[PDB]
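First, one chain by itself: the form deposited in one PDB entry, in structure tokens.
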């Protein structure tokens, strides 16, 4: 029987036993009888009718109409008539890109955004800073451009890699995303992930090293900013003010994953600061660091987000954290509920799209394989009902880019698993099935070829070649 191939699967589809050979939009109304994020699309032999509860629902309805037009373009016999009534399961449906590890030019970001909007993603998270590069310009700190935005090579390849966005480019990105229903979330990791910052501004750190260079390999850095130094707090105030100007979401992801604190332990300034504050250890110092940063953000009307660490203690009720450790999803759901935290599911078992998608593709000596079928197994609530897991805001898939040097590589690992993530964030469990998703994705190969000039076919051997190992 003839059906639609819309991804994500709509919450309700009622097909009729007639065929439509045109999708001309005959009516387009806003009505109070639909939620602001909801739409109803009626496909008739004469054309389509769209009703929506608000601008957001209208964006989604037009995205569904776009997919139906692609299907009809491939089906000259027509597509079924029917009524689609639709609204998302979760309000947060996100992808993260990592320009700190490999810079993503503006044009390439635009293509990435168009593709994620096709699948009704509504959050774009930018990992802007890390050991391997710093991509956010900050007035008054020119060495961020001249030093921190450049590295000499990647993994011994002898090829320099550099880049930094302009403020104007980032405001363009924000407007481009907004027009496509997407909010943009910056991430500035602190106090660690800061080898590039140290290369530019060694005076911000407990043990300044003028010979420090921007990192060209993966691994953990012990270089933490020294919370006793006034230049650090002036710098981060400047950072947060730039983010306030550029990013209207007002959300600032601070990282927050466990950092090595050996250098704080040894720092003569931090040692005496801990003694004055009767702090027992460097974890108490970390709690104080994040309380101070959260206060700076609050003075700005901004709110922090974190990669969840169950035993961190740096969170205040109402904040939002990301669940990411394998095997910890259900525990994190329970713990955040008890702690009054909101939770975004980014479990690396399902959502870390830097991992290879077919067994035998490059795993860089450590990555597990996450197939499309495994990815589609994701239920963000892990079996818990809406009344017990209402603090779960949605789903988020990071495409970490240590080993993804350009858009071609990035999209190879992001898609088609991002389509599965989109359906996990949008579609109620009652309309989800691997067999239906697999059928639709088969059709989407042609849809994406025609609309984006991009090939989503995946075989063990057709990943683009790498220069490393």
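Positions refer to the first chain, counted from 1. In this text, rigid core is short for the largest set of C-alphas that superpose within 1.5 Å between two forms.
Not pictured, yet referred to below: the form deposited in another entry.
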* Core aligned, which of 172, 245, 386, 162 has the Cα that shifts 2 angstroms or more between this form and the one not shown? -> 386
* To do: Align both forms on the core first, then report whether residue 108 has a C-alpha shift of 2 Å or more between this form and the one not shown.
  => no
* Superposing on the rigid core, is the CA of residue 189 displaced by 2 Å or more between this form and the one not shown? -> no
* **C-alpha of residue 349 moved at least 2 Å between this form and the one not shown on rigid core** => no
